[PDB]
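Novice: Quick one: this structure, given as structure tokens, is what I'll be asking you about.
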Amino acid sequence: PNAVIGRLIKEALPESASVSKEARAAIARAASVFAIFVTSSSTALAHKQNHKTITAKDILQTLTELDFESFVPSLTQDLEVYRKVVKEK
Amino acid sequence: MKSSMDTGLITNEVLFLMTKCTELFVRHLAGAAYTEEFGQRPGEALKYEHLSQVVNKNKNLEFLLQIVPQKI
């Protein structure tokens with residue numbers, strides 16, 4: 001969370017840019033709320049269709065619903081590859 | 001009802017997707033804050049002000065208003 005997020009931020013910004021000890025803290029806190037919010041929401045959407053657990057489609061729908069639809073493409077391919085390695089060993 | 005508390009379990013497939021998109025969000029957030037302030041100018045210093053600025057100027061980042069205040 002403190003280590004892997006610094007690599008995420010360095011990977012997203014120009015290799016020559018920089019982030020203050022302050023900005024990186026905010027980003028990390030934000031990543032946390034983001035995750036709680038998305039789960040909270042995905043949980044909500046899952047009950048609106050009144051089914052027991054949260055599917056990957058519920059999270060995929062909550063993301064497009066929260067305006068983070070640019071995410072869904074990559075996440076679906078990621079989900080495709082995941083489902084494959086699982087159906088093997 | 002102590003075998004039905006174990007209802008609504010989070011699956012491996014879900015931990016995965018949740019982790020993958022939180023990383024996407026971190027990268028999205030960092031990068032949006034930078035572009036929105038420096039555009040395509042390189043070697044710049046992203047300060048706190050920029051992050052509160054993108055949270056202010058973005059509707060999907062609305063939920064971060066309380067967690068990323070105007071003044072640190």
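How things are named: the first chain in the structure tokens is A, the next is B, and so on; residues count from 1 in each chain; ligands count from 1 in the order shown.
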Do me a favour and pick out the residues of chain A within 8 Å of chain B, using only C-alpha atoms, as JSON, numbers by chain.
Specialist: {"A": [5, 8, 9, 11, 12, 13, 14, 15, 16, 17, 18, 19, 20, 22, 23, 26, 27, 28, 29, 30, 31, 33, 34, 35, 39, 52, 53, 54, 55, 56, 59, 66, 67, 68, 71, 75, 79, 82, 83]}
Novice: How about saving the chosen residues, N, CA, C and O atoms kept, as a short mmCIF file (atom, residue, chain, number, x, y, z; two decimals), in the first residue's frame?
Specialist:
```cif
data_model
loop_
_atom_site.label_atom_id
_atom_site.label_comp_id
_atom_site.auth_asym_id
_atom_site.auth_seq_id
_atom_site.Cartn_x
_atom_site.Cartn_y
_atom_site.Cartn_z
N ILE A 5 2.15 1.31 -4.15
CA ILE A 5 1.44 2.45 -4.69
C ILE A 5 2.42 3.50 -5.18
O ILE A 5 2.09 4.31 -6.05
N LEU A 8 3.16 2.44 -8.58
CA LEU A 8 1.99 2.69 -9.41
C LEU A 8 2.01 4.15 -9.86
O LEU A 8 1.77 4.46 -11.03
N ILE A 9 2.31 5.05 -8.92
CA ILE A 9 2.39 6.47 -9.22
C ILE A 9 3.60 6.81 -10.12
O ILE A 9 3.49 7.66 -11.01
N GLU A 11 4.96 4.80 -12.25
CA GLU A 11 4.65 4.17 -13.52
C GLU A 11 3.65 4.96 -14.36
O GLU A 11 3.67 4.88 -15.59
N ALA A 12 2.78 5.73 -13.70
CA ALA A 12 1.75 6.53 -14.36
C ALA A 12 2.22 7.93 -14.80
O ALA A 12 1.72 8.47 -15.79
N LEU A 13 3.17 8.51 -14.08
CA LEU A 13 3.68 9.84 -14.40
C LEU A 13 4.92 9.73 -15.28
O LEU A 13 5.55 8.68 -15.34
N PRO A 14 5.27 10.82 -15.99
CA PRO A 14 6.46 10.83 -16.86
C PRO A 14 7.65 10.39 -16.01
O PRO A 14 7.76 10.79 -14.86
N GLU A 15 8.53 9.57 -16.58
CA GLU A 15 9.70 9.07 -15.85
C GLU A 15 10.57 10.17 -15.24
O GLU A 15 11.43 9.89 -14.40
N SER A 16 10.33 11.41 -15.65
CA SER A 16 11.10 12.55 -15.17
C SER A 16 10.36 13.39 -14.13
O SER A 16 10.97 14.25 -13.50
N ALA A 17 9.06 13.15 -13.97
CA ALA A 17 8.23 13.89 -13.02
C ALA A 17 8.44 13.44 -11.58
O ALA A 17 9.16 12.48 -11.34
N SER A 18 7.80 14.11 -10.63
CA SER A 18 7.92 13.77 -9.21
C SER A 18 6.63 14.00 -8.41
O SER A 18 5.77 14.79 -8.82
N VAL A 19 6.49 13.31 -7.28
CA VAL A 19 5.32 13.45 -6.42
C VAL A 19 5.78 13.71 -4.99
O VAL A 19 6.60 12.96 -4.46
N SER A 20 5.25 14.76 -4.38
CA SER A 20 5.61 15.10 -3.01
C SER A 20 5.13 14.05 -2.02
O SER A 20 4.16 13.34 -2.27
N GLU A 22 3.56 14.38 0.29
CA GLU A 22 2.18 14.74 0.59
C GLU A 22 1.17 14.19 -0.42
O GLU A 22 0.15 13.60 -0.04
N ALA A 23 1.46 14.38 -1.70
CA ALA A 23 0.58 13.93 -2.78
C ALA A 23 0.45 12.42 -2.78
O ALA A 23 -0.65 11.89 -2.94
N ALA A 26 -2.00 11.28 -0.15
CA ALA A 26 -3.38 11.48 -0.56
C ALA A 26 -3.80 10.38 -1.53
O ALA A 26 -4.82 9.73 -1.33
N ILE A 27 -3.00 10.17 -2.57
CA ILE A 27 -3.29 9.14 -3.57
C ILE A 27 -3.54 7.80 -2.91
O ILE A 27 -4.50 7.11 -3.24
N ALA A 28 -2.68 7.44 -1.97
CA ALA A 28 -2.84 6.18 -1.28
C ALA A 28 -4.15 6.16 -0.49
O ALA A 28 -4.87 5.16 -0.51
N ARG A 29 -4.48 7.25 0.19
CA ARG A 29 -5.71 7.30 0.96
C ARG A 29 -6.89 7.16 0.02
O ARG A 29 -7.85 6.46 0.30
N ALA A 30 -6.79 7.84 -1.12
CA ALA A 30 -7.83 7.82 -2.13
C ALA A 30 -8.06 6.41 -2.67
O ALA A 30 -9.21 5.97 -2.83
N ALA A 31 -6.97 5.71 -2.96
CA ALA A 31 -7.05 4.35 -3.46
C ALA A 31 -7.87 3.50 -2.49
O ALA A 31 -8.62 2.61 -2.90
N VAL A 33 -10.30 4.64 -0.19
CA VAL A 33 -11.71 5.01 -0.27
C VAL A 33 -12.29 4.46 -1.57
O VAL A 33 -13.40 3.91 -1.58
N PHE A 34 -11.54 4.58 -2.67
CA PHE A 34 -12.01 4.07 -3.95
C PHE A 34 -12.47 2.64 -3.78
O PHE A 34 -13.60 2.29 -4.11
N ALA A 35 -11.58 1.81 -3.27
CA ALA A 35 -11.89 0.40 -3.08
C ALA A 35 -13.11 0.14 -2.19
O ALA A 35 -13.94 -0.72 -2.52
N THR A 39 -16.72 -1.47 -3.55
CA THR A 39 -17.25 -2.68 -2.95
C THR A 39 -18.63 -2.34 -2.41
O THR A 39 -19.60 -3.06 -2.65
N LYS A 52 -27.37 -13.37 -4.01
CA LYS A 52 -26.47 -13.60 -2.87
C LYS A 52 -25.07 -12.95 -2.79
O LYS A 52 -24.77 -12.23 -1.83
N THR A 53 -24.22 -13.19 -3.79
CA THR A 53 -22.85 -12.65 -3.78
C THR A 53 -22.53 -11.63 -4.88
O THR A 53 -23.35 -11.36 -5.76
N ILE A 54 -21.33 -11.06 -4.82
CA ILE A 54 -20.87 -10.08 -5.80
C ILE A 54 -20.15 -10.77 -6.94
O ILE A 54 -19.11 -11.39 -6.73
N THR A 55 -20.69 -10.66 -8.15
CA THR A 55 -20.06 -11.28 -9.31
C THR A 55 -19.02 -10.31 -9.85
O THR A 55 -18.87 -9.20 -9.33
N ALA A 56 -18.28 -10.73 -10.87
CA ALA A 56 -17.28 -9.86 -11.48
C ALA A 56 -18.01 -8.88 -12.37
O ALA A 56 -17.51 -7.81 -12.69
N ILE A 59 -19.26 -5.84 -10.32
CA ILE A 59 -18.18 -4.88 -10.10
C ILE A 59 -17.93 -4.17 -11.42
O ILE A 59 -17.65 -2.98 -11.45
N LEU A 66 -20.04 4.23 -11.99
CA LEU A 66 -19.40 5.28 -11.23
C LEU A 66 -18.58 6.19 -12.14
O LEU A 66 -17.82 7.04 -11.66
N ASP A 67 -18.74 6.01 -13.45
CA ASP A 67 -18.04 6.79 -14.47
C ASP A 67 -16.62 6.38 -14.77
O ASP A 67 -15.86 7.10 -15.42
N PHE A 68 -16.25 5.20 -14.29
CA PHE A 68 -14.93 4.67 -14.54
C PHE A 68 -15.14 3.57 -15.56
O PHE A 68 -14.83 2.41 -15.30
N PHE A 71 -12.12 1.86 -17.54
CA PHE A 71 -11.46 0.75 -16.86
C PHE A 71 -11.91 -0.61 -17.37
O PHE A 71 -11.09 -1.49 -17.61
N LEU A 75 -9.97 -4.52 -17.64
CA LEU A 75 -10.44 -5.40 -16.58
C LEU A 75 -11.13 -6.65 -17.09
O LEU A 75 -11.12 -7.70 -16.44
N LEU A 79 -9.85 -10.27 -16.67
CA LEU A 79 -10.79 -11.26 -16.16
C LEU A 79 -10.84 -12.51 -17.03
O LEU A 79 -11.08 -13.61 -16.55
N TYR A 82 -7.66 -14.44 -16.38
CA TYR A 82 -7.77 -15.02 -15.04
C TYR A 82 -8.60 -16.29 -15.06
O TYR A 82 -8.17 -17.33 -14.54
N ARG A 83 -9.78 -16.21 -15.65
CA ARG A 83 -10.68 -17.35 -15.74
C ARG A 83 -9.98 -18.53 -16.44
O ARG A 83 -10.27 -19.69 -16.13
#
```
Novice: What residues in chain A get the DSSP label helix (DSSP H, G or I)? Please answer as number ranges by chain.
Specialist: A: 4-12, 21-48, 56-65, 72-86
Novice: Using only C-alpha atoms for the distances, tell me which of A:25, A:37, A:78, A:84 is nearest to residue A:62.
Specialist: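 Going through A:25, A:37, A:78, A:84 one by one, the smallest distance to residue A:62 is for A:37.
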Novice: Could you check the closest approach to residue A:2 for each of A:21, A:60, A:41, A:80 and tell me which residue wins, using only C-alpha atoms?
Specialist: A:21
Novice: Do you have the atom CA of residue A:86-atom CA of residue A:57 distance handy?
Specialist: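 Between atom CA of residue A:86 and atom CA of residue A:57 the gap is 17.5 Å.
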